[PDB]
file my_file30.tsv (TSV, C-alpha atoms)
chain	number	residue	atom	x	y	z
D	1	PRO	CA	98.84	65.73	84.54
D	2	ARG	CA	102.00	67.85	84.47
D	3	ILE	CA	100.25	70.36	82.19
D	4	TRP	CA	97.16	70.57	84.39
D	5	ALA	CA	99.37	70.90	87.50
D	6	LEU	CA	99.71	74.59	86.60
D	7	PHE	CA	96.00	75.12	87.32
D	8	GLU	CA	95.84	72.90	90.43
D	9	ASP	CA	96.25	74.13	93.99
D	10	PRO	CA	99.55	75.93	94.70
D	11	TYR	CA	100.43	73.72	97.68
D	12	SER	CA	99.88	70.62	95.50
D	13	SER	CA	103.41	71.01	94.05
D	14	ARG	CA	106.35	73.42	93.83
D	15	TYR	CA	105.92	74.50	90.21
D	16	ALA	CA	102.25	75.10	91.06
D	17	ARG	CA	103.13	77.45	93.94
D	18	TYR	CA	105.76	79.23	91.84
D	19	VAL	CA	103.38	79.82	88.93
D	20	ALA	CA	100.81	80.98	91.49
D	21	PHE	CA	103.21	83.60	92.86
D	22	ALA	CA	104.14	84.68	89.32
D	23	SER	CA	100.50	85.03	88.26
D	24	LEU	CA	99.78	86.99	91.43
D	25	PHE	CA	102.64	89.37	90.64
D	26	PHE	CA	101.43	89.82	87.06
D	27	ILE	CA	97.79	90.40	88.05
D	28	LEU	CA	98.88	92.98	90.63
D	29	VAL	CA	101.05	94.67	87.99
D	30	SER	CA	98.12	94.77	85.56
D	31	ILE	CA	95.80	96.28	88.19
D	32	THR	CA	98.42	98.87	89.17
D	33	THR	CA	99.02	99.81	85.53
D	34	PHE	CA	95.27	100.29	85.07
D	35	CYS	CA	94.96	102.47	88.18
D	36	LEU	CA	97.93	104.59	87.11
D	37	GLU	CA	96.59	104.83	83.55
D	38	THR	CA	93.48	106.48	84.98
D	39	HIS	CA	95.70	109.18	86.55
D	40	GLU	CA	96.47	112.70	85.33
D	41	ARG	CA	100.22	112.59	86.03
D	42	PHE	CA	100.53	109.88	83.36
D	43	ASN	CA	98.06	111.55	80.95
D	44	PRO	CA	99.66	114.86	79.93
D	45	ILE	CA	97.81	116.92	77.34
D	46	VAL	CA	99.43	116.97	73.89
D	47	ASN	CA	98.76	118.61	70.52
D	48	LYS	CA	97.99	116.41	67.52
D	49	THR	CA	97.89	117.76	63.98
D	50	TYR	CA	93.70	118.94	64.34
D	51	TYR	CA	92.64	117.12	67.52
D	52	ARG	CA	93.55	118.11	71.08
D	53	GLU	CA	93.51	115.39	73.74
D	54	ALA	CA	95.55	113.71	76.47
D	55	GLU	CA	97.64	110.65	75.63
D	56	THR	CA	98.76	107.80	77.87
D	57	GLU	CA	102.46	107.26	78.53
D	58	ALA	CA	104.24	104.58	76.53
D	59	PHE	CA	105.59	102.80	79.63
D	60	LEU	CA	102.08	101.79	80.70
D	61	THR	CA	101.33	100.37	77.25
D	62	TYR	CA	104.59	98.39	77.28
D	63	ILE	CA	103.89	96.96	80.74
D	64	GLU	CA	100.37	96.07	79.59
D	65	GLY	CA	101.83	94.29	76.57
D	66	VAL	CA	104.15	92.30	78.83
D	67	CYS	CA	101.31	91.34	81.17
D	68	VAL	CA	98.99	90.38	78.31
D	69	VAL	CA	101.76	88.24	76.78
D	70	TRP	CA	102.12	86.42	80.10
D	71	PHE	CA	98.36	85.99	80.47
D	72	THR	CA	97.90	84.76	76.89
D	73	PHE	CA	100.70	82.23	77.39
D	74	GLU	CA	99.02	80.95	80.56
S	1	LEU	CA	89.52	88.27	106.25
S	2	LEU	CA	88.50	91.83	107.11
S	3	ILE	CA	91.45	93.42	105.32
S	4	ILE	CA	90.86	91.24	102.24
S	5	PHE	CA	87.16	92.15	102.15
S	6	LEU	CA	87.98	95.84	102.53
S	7	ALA	CA	90.63	95.78	99.81
S	8	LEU	CA	88.34	94.02	97.33
S	9	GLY	CA	85.41	96.33	98.06
S	10	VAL	CA	87.56	99.45	97.89
S	11	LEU	CA	89.12	98.49	94.55
S	12	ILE	CA	85.85	97.45	92.91
S	13	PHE	CA	83.85	100.46	94.08
S	14	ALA	CA	86.66	102.89	93.26
S	15	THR	CA	86.78	101.64	89.68
S	16	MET	CA	82.98	101.66	89.45
S	17	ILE	CA	82.62	105.22	90.77
S	18	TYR	CA	85.43	106.54	88.58
S	19	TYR	CA	83.76	105.14	85.48
S	20	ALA	CA	80.26	106.17	86.58
S	21	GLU	CA	81.23	109.80	87.18
S	22	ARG	CA	82.55	110.09	83.60
S	23	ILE	CA	79.22	109.24	81.93
S	24	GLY	CA	77.83	112.69	82.76
S	25	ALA	CA	81.12	114.43	81.94
S	26	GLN	CA	80.75	117.61	79.91
S	27	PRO	CA	82.26	117.26	76.41
S	28	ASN	CA	83.46	120.87	76.33
S	29	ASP	CA	86.32	120.60	78.83
S	30	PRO	CA	89.57	119.13	77.42
S	31	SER	CA	90.28	117.09	80.55
S	32	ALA	CA	88.31	113.89	81.05
S	33	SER	CA	86.82	114.95	84.40
S	34	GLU	CA	86.52	118.56	85.57
S	35	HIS	CA	83.32	118.82	87.65
S	36	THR	CA	83.82	115.61	89.67
S	37	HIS	CA	85.98	114.88	92.69
S	38	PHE	CA	86.75	111.43	91.23
S	39	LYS	CA	89.47	112.55	88.84
S	40	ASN	CA	91.29	109.21	89.21
S	41	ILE	CA	91.04	105.85	90.96
S	42	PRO	CA	93.15	106.36	94.15
S	43	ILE	CA	90.77	109.18	95.09
S	44	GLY	CA	88.24	106.41	94.56
S	45	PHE	CA	90.08	104.29	97.14
S	46	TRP	CA	89.85	107.10	99.69
S	47	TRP	CA	86.17	107.74	98.98
S	48	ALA	CA	85.40	104.01	99.08
S	49	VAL	CA	86.98	103.62	102.52
S	50	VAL	CA	85.22	106.72	103.87
S	51	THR	CA	81.88	105.56	102.46
S	52	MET	CA	82.05	101.87	103.40
S	53	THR	CA	82.98	102.68	107.00
S	54	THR	CA	79.79	104.83	107.13
S	55	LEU	CA	82.09	107.71	108.00
S	56	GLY	CA	81.05	110.10	105.25
S	57	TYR	CA	83.30	113.12	105.65
S	58	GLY	CA	81.73	114.88	102.69
S	59	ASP	CA	84.98	116.14	101.16
S	60	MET	CA	84.20	114.08	98.04
S	61	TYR	CA	80.84	112.63	97.01
S	62	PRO	CA	79.18	111.59	93.75
S	63	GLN	CA	77.37	114.28	91.76
S	64	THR	CA	75.83	112.14	89.00
S	65	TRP	CA	72.83	109.80	89.06
S	66	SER	CA	75.05	106.85	88.12
S	67	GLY	CA	77.51	108.03	90.76
S	68	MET	CA	74.67	108.17	93.28
S	69	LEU	CA	73.64	104.60	92.48
S	70	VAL	CA	77.25	103.46	92.85
S	71	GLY	CA	77.47	105.34	96.15
S	72	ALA	CA	74.35	103.70	97.57
S	73	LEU	CA	75.68	100.28	96.56
S	74	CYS	CA	79.03	101.17	98.13
S	75	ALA	CA	77.44	102.17	101.43
S	76	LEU	CA	75.34	99.01	101.64
S	77	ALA	CA	78.14	96.64	100.62
S	78	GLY	CA	80.45	98.36	103.09
S	79	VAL	CA	77.99	97.91	105.94
S	80	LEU	CA	77.69	94.22	105.04
S	81	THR	CA	81.38	93.45	104.46
S	82	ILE	CA	82.27	95.24	107.69
S	83	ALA	CA	79.56	93.51	109.75
S	84	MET	CA	80.66	90.08	108.49
S	85	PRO	CA	83.84	89.35	110.57
S	86	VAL	CA	83.58	92.01	113.27

call {"tool": "encode", "arguments": {"input": "my_file30.tsv", "output": "structure tokens"}}
result
Amino acid sequence: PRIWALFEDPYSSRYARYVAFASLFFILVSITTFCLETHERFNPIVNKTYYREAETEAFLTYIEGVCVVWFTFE
Amino acid sequence: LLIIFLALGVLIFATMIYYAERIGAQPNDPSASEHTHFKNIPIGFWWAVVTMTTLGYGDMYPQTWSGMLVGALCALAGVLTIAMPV
């Protein structure tokens, strides 16, 4: 029951509501990272030696790793 | 309820139109999107609001058959999700 209380309604407990707020924060962070990954400001063109393309910033990949770690734990 | 509906619709249709407009992207240009107004997703947010409210400024509009399908779906879903709580 204590394990499943993390998937129950948030108002059904205090840990439930706290995990709900945390998962909301992490989902919003994931969505924001996606939307900023689709941007140009964070996709500067670079030269790779012979392929020319635009690469995503490392910060977005690190934040995505953090969020995926949280989601895989849940 | 109205603001939640609008946020969900805007996000979903922005992502959909951004990905649809890149199917017909020309391979020659180095940038991912050069001929389309939907160069990123926030522009998609703006277009999705303007299109769901049946405003239709015309500053940005889809120019690809997939983009046109997404735009028709966006207009219809906007009409519906606006006429729900109003």

call {"tool": "axis_aligned_box", "arguments": {"input": "my_file30.tsv", "around": "region 64-71 of chain D", "padding_each_side": "6 Å", "output": "AutoDock Vina command-line options"}}
result
--center_x 101.3 --center_y 91.0 --center_z 78.9 --size_x 17.8 --size_y 22.1 --size_z 16.6

call {"tool": "closest_atom_pairs", "arguments": {"input": "my_file30.tsv", "of": "chain D", "to": "chain S", "cutoff": "6 Å", "atoms": "all atoms listed in the file", "output": "tab-separated table"}}
result
residue	atom	partner	partner_atom	distance
D:35	CA	S:41	CA	5.9
D:38	CA	S:40	CA	5.5
D:39	CA	S:40	CA	5.2

call {"tool": "closest_residue", "arguments": {"input": "my_file30.tsv", "among": "D:4, D:73, D:15, D:42", "to": "residue 54 (chain D)", "atoms": "all atoms listed in the file"}}
result
D:42

call {"tool": "atom_distance", "arguments": {"input": "my_file30.tsv", "atom1": "CA of residue 75 (chain S)", "atom2": "CA of residue 51 (chain S)"}}
result
5.7 Å

call {"tool": "atom_distance", "arguments": {"input": "my_file30.tsv", "atom1": "CA of residue 68 (chain S)", "atom2": "CA of residue 52 (chain S)"}}
result
14.0 Å

call {"tool": "atom_distance", "arguments": {"input": "my_file30.tsv", "atom1": "CA of residue 27 (chain D)", "atom2": "CA of residue 60 (chain D)"}}
result
14.2 Å

call {"tool": "closest_residue", "arguments": {"input": "my_file30.tsv", "among": "D:26, D:11, D:18, D:34", "to": "residue 57 (chain D)", "atoms": "all atoms listed in the file"}}
result
D:34

call {"tool": "residues_around", "arguments": {"input": "my_file30.tsv", "residues": "residue 24 (chain S)", "least_positions_apart": "3", "cutoff": "8 Å", "atoms": "all atoms listed in the file", "output": "MDAnalysis selection string"}}
result
chainID S and resid 20:21 64

call {"tool": "closest_residue", "arguments": {"input": "my_file30.tsv", "among": "D:36, D:22, D:16, D:6", "to": "residue 56 (chain D)", "atoms": "all atoms listed in the file"}}
result
D:36

call {"tool": "residues_near_point", "arguments": {"input": "my_file30.tsv", "point": "(80.3, 116.7, 83.3)", "cutoff": "8 Å", "atoms": "all atoms listed in the file", "output": "PyMOL selection string"}}
result
chain S and resi 21-27+33-36

call {"tool": "closest_residue", "arguments": {"input": "my_file30.tsv", "among": "S:63, S:38, S:16, S:49", "to": "residue 78 (chain S)", "atoms": "all atoms listed in the file"}}
result
S:49

call {"tool": "closest_residue", "arguments": {"input": "my_file30.tsv", "among": "D:14, D:59, D:25, D:48", "to": "residue 2 (chain D)", "atoms": "all atoms listed in the file"}}
result
D:14

call {"tool": "build_atoms", "arguments": {"input": "my_file30.tsv", "residues": "region 25-39 of chain D", "atoms": "N, CA, C and O atoms", "output": "PDB file, in the frame of the given file"}}
result
ATOM      1  N   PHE D  25     101.847  88.188  90.974  1.00  0.00           N
ATOM      2  CA  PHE D  25     102.640  89.370  90.640  1.00  0.00           C
ATOM      3  C   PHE D  25     102.136  90.030  89.367  1.00  0.00           C
ATOM      4  O   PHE D  25     101.979  91.257  89.316  1.00  0.00           O
ATOM      5  N   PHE D  26     101.851  89.237  88.333  1.00  0.00           N
ATOM      6  CA  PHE D  26     101.430  89.820  87.060  1.00  0.00           C
ATOM      7  C   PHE D  26     100.032  90.429  87.140  1.00  0.00           C
ATOM      8  O   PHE D  26      99.787  91.477  86.532  1.00  0.00           O
ATOM      9  N   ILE D  27      99.113  89.813  87.885  1.00  0.00           N
ATOM     10  CA  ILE D  27      97.790  90.400  88.050  1.00  0.00           C
ATOM     11  C   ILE D  27      97.882  91.716  88.818  1.00  0.00           C
ATOM     12  O   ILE D  27      97.228  92.707  88.469  1.00  0.00           O
ATOM     13  N   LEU D  28      98.695  91.743  89.878  1.00  0.00           N
ATOM     14  CA  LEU D  28      98.880  92.980  90.630  1.00  0.00           C
ATOM     15  C   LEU D  28      99.488  94.067  89.752  1.00  0.00           C
ATOM     16  O   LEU D  28      99.089  95.236  89.830  1.00  0.00           O
ATOM     17  N   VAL D  29     100.445  93.697  88.901  1.00  0.00           N
ATOM     18  CA  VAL D  29     101.050  94.670  87.990  1.00  0.00           C
ATOM     19  C   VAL D  29     100.015  95.200  87.008  1.00  0.00           C
ATOM     20  O   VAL D  29      99.976  96.401  86.721  1.00  0.00           O
ATOM     21  N   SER D  30      99.157  94.323  86.483  1.00  0.00           N
ATOM     22  CA  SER D  30      98.120  94.770  85.560  1.00  0.00           C
ATOM     23  C   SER D  30      97.157  95.742  86.238  1.00  0.00           C
ATOM     24  O   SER D  30      96.809  96.789  85.675  1.00  0.00           O
ATOM     25  N   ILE D  31      96.721  95.410  87.456  1.00  0.00           N
ATOM     26  CA  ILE D  31      95.800  96.280  88.190  1.00  0.00           C
ATOM     27  C   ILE D  31      96.451  97.629  88.469  1.00  0.00           C
ATOM     28  O   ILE D  31      95.818  98.685  88.327  1.00  0.00           O
ATOM     29  N   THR D  32      97.723  97.619  88.875  1.00  0.00           N
ATOM     30  CA  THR D  32      98.420  98.870  89.170  1.00  0.00           C
ATOM     31  C   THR D  32      98.589  99.713  87.912  1.00  0.00           C
ATOM     32  O   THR D  32      98.442 100.941  87.960  1.00  0.00           O
ATOM     33  N   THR D  33      98.907  99.077  86.783  1.00  0.00           N
ATOM     34  CA  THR D  33      99.020  99.810  85.530  1.00  0.00           C
ATOM     35  C   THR D  33      97.688 100.445  85.147  1.00  0.00           C
ATOM     36  O   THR D  33      97.652 101.583  84.676  1.00  0.00           O
ATOM     37  N   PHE D  34      96.588  99.717  85.331  1.00  0.00           N
ATOM     38  CA  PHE D  34      95.270 100.290  85.070  1.00  0.00           C
ATOM     39  C   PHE D  34      95.023 101.518  85.944  1.00  0.00           C
ATOM     40  O   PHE D  34      94.672 102.601  85.446  1.00  0.00           O
ATOM     41  N   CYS D  35      95.225 101.369  87.257  1.00  0.00           N
ATOM     42  CA  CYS D  35      94.960 102.470  88.180  1.00  0.00           C
ATOM     43  C   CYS D  35      95.838 103.678  87.899  1.00  0.00           C
ATOM     44  O   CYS D  35      95.397 104.817  88.086  1.00  0.00           O
ATOM     45  N   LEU D  36      97.075 103.462  87.447  1.00  0.00           N
ATOM     46  CA  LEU D  36      97.930 104.590  87.110  1.00  0.00           C
ATOM     47  C   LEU D  36      97.605 105.163  85.739  1.00  0.00           C
ATOM     48  O   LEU D  36      97.846 106.349  85.492  1.00  0.00           O
ATOM     49  N   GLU D  37      97.062 104.340  84.842  1.00  0.00           N
ATOM     50  CA  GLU D  37      96.590 104.830  83.550  1.00  0.00           C
ATOM     51  C   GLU D  37      95.424 105.784  83.725  1.00  0.00           C
ATOM     52  O   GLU D  37      95.288 106.743  82.957  1.00  0.00           O
ATOM     53  N   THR D  38      94.582 105.553  84.730  1.00  0.00           N
ATOM     54  CA  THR D  38      93.480 106.480  84.980  1.00  0.00           C
ATOM     55  C   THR D  38      93.922 107.798  85.602  1.00  0.00           C
ATOM     56  O   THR D  38      93.068 108.652  85.860  1.00  0.00           O
ATOM     57  N   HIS D  39      95.215 107.992  85.851  1.00  0.00           N
ATOM     58  CA  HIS D  39      95.700 109.180  86.550  1.00  0.00           C
ATOM     59  C   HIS D  39      95.956 110.326  85.575  1.00  0.00           C
ATOM     60  O   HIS D  39      95.997 110.148  84.355  1.00  0.00           O
TER      61      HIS D  39
END
